[PDB]
file target_25.csv (CSV, C-alpha atoms and all ligand atoms)
chain,number,residue,atom,x,y,z
A,1,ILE,CA,-33.3,27.1,42.4
A,2,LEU,CA,-31.6,24.8,39.8
A,3,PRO,CA,-32.9,24.1,36.3
A,4,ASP,CA,-35.5,21.3,36.1
A,5,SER,CA,-33.4,19.6,33.5
A,6,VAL,CA,-30.0,19.9,31.9
A,7,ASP,CA,-28.4,18.1,29.0
A,8,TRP,CA,-24.8,19.1,28.2
A,9,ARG,CA,-25.1,17.5,24.7
A,10,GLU,CA,-27.3,20.5,23.8
A,11,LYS,CA,-24.4,22.8,24.5
A,12,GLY,CA,-22.1,20.8,22.1
A,13,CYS,CA,-20.0,19.7,25.1
A,14,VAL,CA,-20.2,15.9,24.7
A,15,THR,CA,-18.3,13.8,22.1
A,16,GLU,CA,-19.5,10.7,20.4
A,17,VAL,CA,-20.3,7.6,22.6
A,18,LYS,CA,-17.2,5.4,22.6
A,19,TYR,CA,-16.9,1.6,22.8
A,20,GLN,CA,-14.6,0.2,25.5
A,21,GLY,CA,-14.8,-3.4,24.3
A,22,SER,CA,-13.2,-6.1,26.4
A,23,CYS,CA,-10.8,-3.7,28.1
A,24,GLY,CA,-12.1,-2.5,31.5
A,25,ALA,CA,-11.3,1.2,30.8
A,26,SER,CA,-14.6,2.8,31.7
A,27,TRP,CA,-12.7,4.8,34.3
A,28,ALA,CA,-10.6,6.4,31.5
A,29,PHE,CA,-13.6,7.1,29.3
A,30,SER,CA,-15.4,8.7,32.3
A,31,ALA,CA,-12.3,10.9,32.9
A,32,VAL,CA,-11.8,12.1,29.3
A,33,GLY,CA,-15.5,12.7,28.9
A,34,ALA,CA,-15.6,15.1,31.8
A,35,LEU,CA,-12.4,16.9,30.6
A,36,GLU,CA,-13.8,17.1,27.0
A,37,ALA,CA,-16.7,19.3,28.3
A,38,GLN,CA,-14.4,21.7,30.2
A,39,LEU,CA,-12.2,22.0,27.1
A,40,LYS,CA,-15.2,22.8,24.9
A,41,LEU,CA,-16.3,25.4,27.4
A,42,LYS,CA,-12.9,27.0,27.5
A,43,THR,CA,-11.7,26.9,23.9
A,44,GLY,CA,-15.0,26.5,21.9
A,45,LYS,CA,-13.6,23.3,20.3
A,46,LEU,CA,-15.1,19.9,20.9
A,47,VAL,CA,-12.4,17.2,20.6
A,48,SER,CA,-12.3,13.6,21.9
A,49,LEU,CA,-9.5,13.1,24.3
A,50,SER,CA,-7.4,10.0,24.4
A,51,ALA,CA,-8.6,7.3,26.8
A,52,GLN,CA,-5.8,5.1,25.6
A,53,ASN,CA,-3.4,7.8,26.8
A,54,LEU,CA,-4.7,7.2,30.3
A,55,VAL,CA,-4.8,3.4,30.0
A,56,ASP,CA,-1.1,3.3,29.0
A,57,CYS,CA,0.4,6.1,31.1
A,58,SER,CA,-1.7,6.7,34.2
A,59,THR,CA,-0.7,3.4,35.7
A,60,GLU,CA,1.0,2.3,39.0
A,61,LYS,CA,2.0,5.8,40.2
A,62,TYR,CA,-1.8,6.5,40.1
A,63,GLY,CA,-3.1,3.2,41.5
A,64,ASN,CA,-4.5,2.3,38.1
A,65,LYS,CA,-4.2,-0.9,36.2
A,66,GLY,CA,-5.2,-0.1,32.6
A,67,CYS,CA,-7.7,-2.6,31.2
A,68,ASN,CA,-8.1,-4.0,34.7
A,69,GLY,CA,-9.5,-0.9,36.2
A,70,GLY,CA,-8.7,2.6,37.6
A,71,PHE,CA,-9.9,5.8,39.1
A,72,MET,CA,-11.1,9.0,37.4
A,73,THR,CA,-9.5,11.1,40.2
A,74,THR,CA,-6.0,9.8,39.7
A,75,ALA,CA,-6.5,9.9,35.9
A,76,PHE,CA,-7.0,13.7,36.4
A,77,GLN,CA,-3.9,13.9,38.6
A,78,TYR,CA,-1.9,12.2,35.9
A,79,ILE,CA,-3.0,14.8,33.4
A,80,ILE,CA,-2.0,17.5,35.9
A,81,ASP,CA,1.4,16.0,36.4
A,82,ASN,CA,1.9,15.2,32.8
A,83,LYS,CA,1.0,18.8,31.8
A,84,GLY,CA,-1.3,17.4,29.1
A,85,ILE,CA,-3.2,14.7,27.4
A,86,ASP,CA,-3.2,13.8,23.7
A,87,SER,CA,-6.2,14.0,21.4
A,88,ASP,CA,-8.0,10.8,20.8
A,89,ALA,CA,-7.3,11.2,17.1
A,90,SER,CA,-3.6,11.2,17.6
A,91,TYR,CA,-3.6,8.4,20.2
A,92,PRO,CA,-6.7,6.3,19.4
A,93,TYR,CA,-8.3,3.6,21.5
A,94,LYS,CA,-7.2,0.0,21.1
A,95,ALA,CA,-8.9,-1.7,24.0
A,96,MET,CA,-5.7,-3.2,25.3
A,97,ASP,CA,-2.8,-2.3,27.6
A,98,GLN,CA,0.1,-0.7,25.7
A,99,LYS,CA,3.4,1.1,26.3
A,100,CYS,CA,2.9,4.7,27.2
A,101,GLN,CA,3.1,6.7,23.9
A,102,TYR,CA,2.3,10.2,25.1
A,103,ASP,CA,3.6,12.9,22.8
A,104,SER,CA,3.4,16.5,23.8
A,105,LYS,CA,3.2,17.5,20.1
A,106,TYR,CA,-0.3,16.2,20.0
A,107,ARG,CA,-1.5,17.6,23.4
A,108,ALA,CA,-5.2,18.5,23.1
A,109,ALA,CA,-6.0,19.4,26.7
A,110,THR,CA,-4.5,20.2,30.0
A,111,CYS,CA,-6.0,19.9,33.6
A,112,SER,CA,-5.6,22.4,36.4
A,113,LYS,CA,-7.4,20.7,39.2
A,114,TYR,CA,-10.2,18.3,40.0
A,115,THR,CA,-12.9,18.2,42.8
A,116,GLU,CA,-14.5,15.3,44.6
A,117,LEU,CA,-18.1,15.5,45.8
A,118,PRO,CA,-19.4,14.1,49.1
A,119,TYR,CA,-20.7,10.5,49.2
A,120,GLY,CA,-24.3,9.9,48.3
A,121,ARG,CA,-25.2,13.6,48.0
A,122,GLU,CA,-27.5,13.7,45.0
A,123,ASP,CA,-28.3,17.4,45.8
A,124,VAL,CA,-24.7,18.3,45.5
A,125,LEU,CA,-24.2,16.2,42.4
A,126,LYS,CA,-27.2,17.9,40.8
A,127,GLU,CA,-25.7,21.3,41.6
A,128,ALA,CA,-22.3,20.4,40.1
A,129,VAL,CA,-23.9,19.0,36.9
A,130,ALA,CA,-25.9,22.3,36.6
A,131,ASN,CA,-23.2,24.8,37.5
A,132,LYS,CA,-19.9,23.0,36.5
A,133,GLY,CA,-20.6,20.5,33.7
A,134,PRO,CA,-20.6,16.8,33.2
A,135,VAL,CA,-19.4,14.9,36.3
A,136,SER,CA,-17.4,11.7,36.4
A,137,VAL,CA,-19.1,9.0,38.5
A,138,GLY,CA,-19.0,5.3,39.3
A,139,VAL,CA,-22.1,3.1,39.3
A,140,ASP,CA,-22.9,-0.4,40.3
A,141,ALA,CA,-23.3,-2.0,36.8
A,142,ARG,CA,-23.0,-5.7,38.0
A,143,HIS,CA,-26.6,-6.6,37.1
A,144,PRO,CA,-27.9,-8.3,33.9
A,145,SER,CA,-30.5,-5.6,33.8
A,146,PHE,CA,-27.7,-3.0,33.2
A,147,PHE,CA,-26.4,-5.0,30.2
A,148,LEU,CA,-30.0,-5.5,29.0
A,149,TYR,CA,-31.1,-1.9,29.4
A,150,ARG,CA,-32.8,-0.5,26.2
A,151,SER,CA,-34.7,2.6,27.2
A,152,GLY,CA,-36.5,4.4,29.9
A,153,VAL,CA,-35.4,5.3,33.5
A,154,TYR,CA,-33.3,2.4,34.8
A,155,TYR,CA,-34.2,1.2,38.3
A,156,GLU,CA,-32.6,-2.0,39.6
A,157,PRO,CA,-34.0,-3.2,43.0
A,158,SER,CA,-30.9,-5.1,43.8
A,159,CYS,CA,-28.4,-2.3,43.0
A,160,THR,CA,-25.9,-1.4,45.7
A,161,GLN,CA,-24.0,1.8,46.5
A,162,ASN,CA,-20.7,0.1,45.8
A,163,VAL,CA,-19.5,1.2,42.3
A,164,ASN,CA,-17.6,-0.8,39.8
A,165,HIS,CA,-18.1,1.0,36.4
A,166,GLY,CA,-17.1,4.5,35.4
A,167,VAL,CA,-19.6,6.7,33.5
A,168,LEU,CA,-20.3,10.3,32.8
A,169,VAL,CA,-23.3,12.2,34.2
A,170,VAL,CA,-24.0,14.7,31.4
A,171,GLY,CA,-27.4,15.9,32.7
A,172,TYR,CA,-30.6,15.1,34.5
A,173,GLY,CA,-34.3,15.6,34.2
A,174,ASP,CA,-37.8,14.4,35.0
A,175,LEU,CA,-39.8,12.6,32.3
A,176,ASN,CA,-43.0,10.4,32.5
A,177,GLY,CA,-43.2,10.9,36.2
A,178,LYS,CA,-39.6,9.6,36.8
A,179,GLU,CA,-36.6,11.8,37.9
A,180,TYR,CA,-33.4,10.6,36.3
A,181,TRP,CA,-29.7,11.1,35.7
A,182,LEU,CA,-28.6,11.4,32.1
A,183,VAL,CA,-25.5,9.0,31.9
A,184,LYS,CA,-23.1,8.6,29.0
A,185,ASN,CA,-21.8,5.1,28.9
A,186,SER,CA,-18.9,3.6,26.9
A,187,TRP,CA,-20.4,0.5,25.4
A,188,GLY,CA,-21.0,1.9,21.9
A,189,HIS,CA,-24.1,3.3,20.3
A,190,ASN,CA,-26.1,0.1,20.4
A,191,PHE,CA,-26.4,0.2,24.2
A,192,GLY,CA,-29.4,1.8,25.7
A,193,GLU,CA,-30.6,5.1,24.2
A,194,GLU,CA,-28.0,5.7,21.5
A,195,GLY,CA,-25.3,4.9,24.0
A,196,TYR,CA,-26.9,6.6,27.0
A,197,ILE,CA,-28.7,5.3,30.1
A,198,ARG,CA,-31.1,7.3,32.2
A,199,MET,CA,-30.8,6.2,35.8
A,200,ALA,CA,-33.2,6.8,38.7
A,201,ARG,CA,-32.5,10.0,40.6
A,202,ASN,CA,-33.3,10.9,44.2
A,203,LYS,CA,-33.9,7.2,45.0
A,204,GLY,CA,-31.4,7.0,47.8
A,205,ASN,CA,-28.2,7.0,45.7
A,206,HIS,CA,-29.4,4.3,43.4
A,207,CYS,CA,-26.6,2.1,42.0
A,208,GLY,CA,-24.1,4.4,43.8
A,209,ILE,CA,-24.3,7.1,41.2
A,210,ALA,CA,-23.4,9.7,43.8
A,211,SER,CA,-21.0,7.6,45.8
A,212,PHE,CA,-17.7,8.9,44.2
A,213,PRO,CA,-18.3,11.9,41.8
A,214,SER,CA,-15.5,14.1,40.6
A,215,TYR,CA,-15.0,16.7,37.9
A,216,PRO,CA,-11.9,18.4,36.4
A,217,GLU,CA,-11.3,22.0,35.6
A,218,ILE,CA,-9.1,23.9,33.1
A,219,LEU,CA,-8.4,27.4,34.5
A,220,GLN,CA,-7.4,30.5,32.5
A,221,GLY,CA,-3.6,30.7,32.4
B,301,LIG,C1,-6.8,-2.0,40.4
B,301,LIG,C2,-8.0,-1.3,41.0
B,301,LIG,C3,-9.3,-1.9,40.4
B,301,LIG,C4,-10.5,-1.1,40.9
B,301,LIG,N1,-10.4,0.3,40.5
B,301,LIG,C5,-11.6,1.1,40.8
B,301,LIG,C6,-12.9,0.3,41.0
B,301,LIG,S1,-14.3,1.0,40.2
B,301,LIG,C7,-14.4,2.7,40.9
B,301,LIG,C8,-14.1,2.8,42.3
B,301,LIG,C9,-14.2,4.1,42.8
B,301,LIG,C10,-13.9,4.3,44.3
B,301,LIG,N2,-13.3,5.4,44.7
B,301,LIG,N3,-13.2,5.2,46.1
B,301,LIG,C11,-12.6,6.2,46.9
B,301,LIG,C12,-11.1,6.0,47.1
B,301,LIG,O1,-10.8,4.7,47.5
B,301,LIG,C13,-10.3,6.4,45.9
B,301,LIG,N4,-8.9,6.4,46.1
B,301,LIG,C14,-8.6,7.5,47.2
B,301,LIG,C15,-7.1,7.6,47.4
B,301,LIG,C16,-6.4,7.9,46.1
B,301,LIG,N5,-4.9,8.1,46.3
B,301,LIG,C17,-4.2,9.3,45.9
B,301,LIG,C18,-2.7,8.8,45.8
B,301,LIG,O2,-1.8,9.8,46.2
B,301,LIG,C19,-2.7,7.7,46.8
B,301,LIG,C20,-4.1,7.2,46.8
B,301,LIG,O3,-4.5,6.1,47.2
B,301,LIG,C21,-6.7,6.9,45.1
B,301,LIG,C22,-8.2,6.8,44.9
B,301,LIG,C23,-13.7,4.0,46.5
B,301,LIG,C24,-14.1,3.4,45.3
B,301,LIG,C25,-14.8,2.0,45.4
B,301,LIG,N6,-15.3,1.9,46.7
B,301,LIG,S2,-16.7,1.0,47.1
B,301,LIG,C26,-16.2,-0.6,46.9
B,301,LIG,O4,-17.6,1.3,46.0
B,301,LIG,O5,-17.0,1.3,48.4
B,301,LIG,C27,-14.3,2.0,47.8
B,301,LIG,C28,-13.8,3.5,47.9
B,301,LIG,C29,-14.5,5.2,42.1
B,301,LIG,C30,-14.8,5.0,40.7
B,301,LIG,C31,-14.8,3.8,40.1
B,301,LIG,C32,-15.1,3.6,38.7
B,301,LIG,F1,-15.9,2.6,38.5
B,301,LIG,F2,-15.8,4.7,38.2
B,301,LIG,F3,-14.0,3.4,37.9
B,301,LIG,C33,-9.2,0.9,41.1
B,301,LIG,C34,-8.0,0.2,40.7
call {"tool": "encode", "arguments": {"input": "target_25.csv", "output": "structure tokens", "more": "lines below"}}
Ligand SMILES: CC1CCN(CCSc2cc(-c3nn(C[C@@H](O)CN4CCC(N5C[C@@H](O)CC5=O)CC4)c4c3CN(S(C)(=O)=O)CC4)ccc2C(F)(F)F)CC1
result
Amino acid sequence: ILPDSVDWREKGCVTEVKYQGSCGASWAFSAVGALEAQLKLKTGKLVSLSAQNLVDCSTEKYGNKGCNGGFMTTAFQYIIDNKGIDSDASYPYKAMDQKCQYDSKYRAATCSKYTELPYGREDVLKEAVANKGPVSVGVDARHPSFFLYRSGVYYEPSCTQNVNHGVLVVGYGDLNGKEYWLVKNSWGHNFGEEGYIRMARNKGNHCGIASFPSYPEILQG
């Protein structure tokens, strides 16, 4: 039996909501967000990791195209191969494609492995969120209702299970008769509920939230 609700923000495992701007780097924000939580769990320190590092460096070898899109999974593989990722403070976000400027002197996290969860399995996603930490996911955000969301549990009748926007599932719950996923977006603090959107849970993989989940890990040693 899993907890009825979880919110990794209450464990100090989630950094401030970021603002991707006109650069399509939600995949990089989803990836660093998941890794930030594992880093806090392991070292006790909460530090924003560099999304810009992924945009500029996890490029064609990883099937990614910076501001024109990418994958959380191959962002993790880049961090594995690179043997690190810089802090966001040392390599801050510029919302544009740049030359890779990774500097091991400012390494703030490492990545040992990542795991992918089965398509559409909201039970498995719930278990991972409860027992592993925030989970990187894609959602179908191509709906004016998504851009216009202010509060409550988001439900979009025309949503599909094809994903196009990377976000971070930092929890779940059940409020006002509606089960939801607690989702950290990267459109700044003025989007939704202080930068978060609660999305309908157990409604047949609504907006593809469980289509392509993955989470990274940092192992001892
Ligand atoms: C320029 C492109 C523009 C679009 N972006 C993503 C679109 S957004 C997006 C898409 C996905 C995503 N992952 N996968 C699984 C697989 O395809 C991933 N790949 C497996 C093999 C891997 N590897 C390992 C290497 O060794 C070789 C290789 O190929 C590489 C990864 C799919 C999708 C989209 N779906 S769909 C239309 O929903 O059905 C098709 C299948 C996930 C998150 C996002 C998120 F929104 F969160 F960002 C990608 C770059």
call {"tool": "residues_around", "arguments": {"input": "target_25.csv", "residues": "residue A:68", "least_positions_apart": "3", "cutoff": "9 Å", "atoms": "only C-alpha atoms", "output": "PyMOL selection string"}}
result
chain A and resi 23-25+64-65
call {"tool": "residues_near_ligand", "arguments": {"input": "target_25.csv", "ligand": "ligand LIG 301 (chain B)", "cutoff": "10 Å", "atoms": "all atoms listed in the file", "output": "PyMOL selection string"}}
result
chain A and resi 24-31+59-75+77+116+119+136-141+160-168+207-209+211-214
call {"tool": "atom_distance", "arguments": {"input": "target_25.csv", "atom1": "atom CA of residue A:48", "atom2": "atom CA of residue A:14"}}
result
8.7 Å
call {"tool": "residues_near_point", "arguments": {"input": "target_25.csv", "point": "(-28.3, -2.5, 23.8)", "cutoff": "12 Å", "atoms": "all atoms listed in the file", "output": "JSON, numbers by chain"}}
result
{"A": [144, 145, 146, 147, 148, 149, 150, 151, 185, 186, 187, 188, 189, 190, 191, 192, 193, 194, 195, 196, 197]}
call {"tool": "closest_residue", "arguments": {"input": "target_25.csv", "among": "A:124, A:183, A:13, A:135", "to": "residue A:45", "atoms": "all atoms listed in the file"}}
result
A:13
call {"tool": "closest_residue", "arguments": {"input": "target_25.csv", "among": "A:105, A:18, A:9, A:42", "to": "residue A:169", "atoms": "all atoms listed in the file"}}
result
A:9
call {"tool": "closest_residue", "arguments": {"input": "target_25.csv", "among": "A:79, A:219, A:51, A:199", "to": "residue A:19", "atoms": "all atoms listed in the file"}}
result
A:51
call {"tool": "atom_distance", "arguments": {"input": "target_25.csv", "atom1": "atom CA of residue A:21", "atom2": "atom CA of residue A:173"}}
result
29.0 Å
call {"tool": "residues_around", "arguments": {"input": "target_25.csv", "residues": "stretch 96-102 of chain A", "least_positions_apart": "2", "cutoff": "8 Å", "atoms": "only C-alpha atoms", "output": "JSON, numbers by chain"}}
result
{"A": [23, 53, 55, 56, 57, 66, 67, 85, 86, 91, 94, 104]}
call {"tool": "atom_distance", "arguments": {"input": "target_25.csv", "atom1": "atom CA of residue A:218", "atom2": "atom CA of residue A:38"}}
result
6.4 Å
call {"tool": "residues_around", "arguments": {"input": "target_25.csv", "residues": "residue A:112", "least_positions_apart": "4", "cutoff": "12 Å", "atoms": "all atoms listed in the file", "output": "NGL selection string"}}
result
:A and (35 or 38-39 or 76-84 or 215-221)
call {"tool": "closest_residue", "arguments": {"input": "target_25.csv", "among": "A:204, A:152, A:134, A:177", "to": "residue A:34", "atoms": "all atoms listed in the file"}}
result
A:134
call {"tool": "residues_near_point", "arguments": {"input": "target_25.csv", "point": "(-32.5, 8.1, 38.7)", "cutoff": "10 Å", "atoms": "all atoms listed in the file", "output": "PyMOL selection string"}}
result
chain A and resi 122+153-155+172-174+178-183+197-207+209
call {"tool": "write_last_selection", "arguments": {"input": "target_25.csv", "atoms": "C-alpha atoms", "output": "CSV table (one decimal), in the coordinates of the input"}}
result
chain,number,residue,atom,x,y,z
A,122,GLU,CA,-27.5,13.7,45.0
A,153,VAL,CA,-35.4,5.3,33.5
A,154,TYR,CA,-33.3,2.4,34.8
A,155,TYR,CA,-34.2,1.2,38.3
A,172,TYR,CA,-30.6,15.1,34.5
A,173,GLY,CA,-34.3,15.6,34.2
A,174,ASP,CA,-37.8,14.4,35.0
A,178,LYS,CA,-39.6,9.6,36.8
A,179,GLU,CA,-36.6,11.8,37.9
A,180,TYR,CA,-33.4,10.6,36.3
A,181,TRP,CA,-29.7,11.1,35.7
A,182,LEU,CA,-28.6,11.4,32.1
A,183,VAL,CA,-25.5,9.0,31.9
A,197,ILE,CA,-28.7,5.3,30.1
A,198,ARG,CA,-31.1,7.3,32.2
A,199,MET,CA,-30.8,6.2,35.8
A,200,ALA,CA,-33.2,6.8,38.7
A,201,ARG,CA,-32.5,10.0,40.6
A,202,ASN,CA,-33.3,10.9,44.2
A,203,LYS,CA,-33.9,7.2,45.0
A,204,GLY,CA,-31.4,7.0,47.8
A,205,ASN,CA,-28.2,7.0,45.7
A,206,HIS,CA,-29.4,4.3,43.4
A,207,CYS,CA,-26.6,2.1,42.0
A,209,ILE,CA,-24.3,7.1,41.2
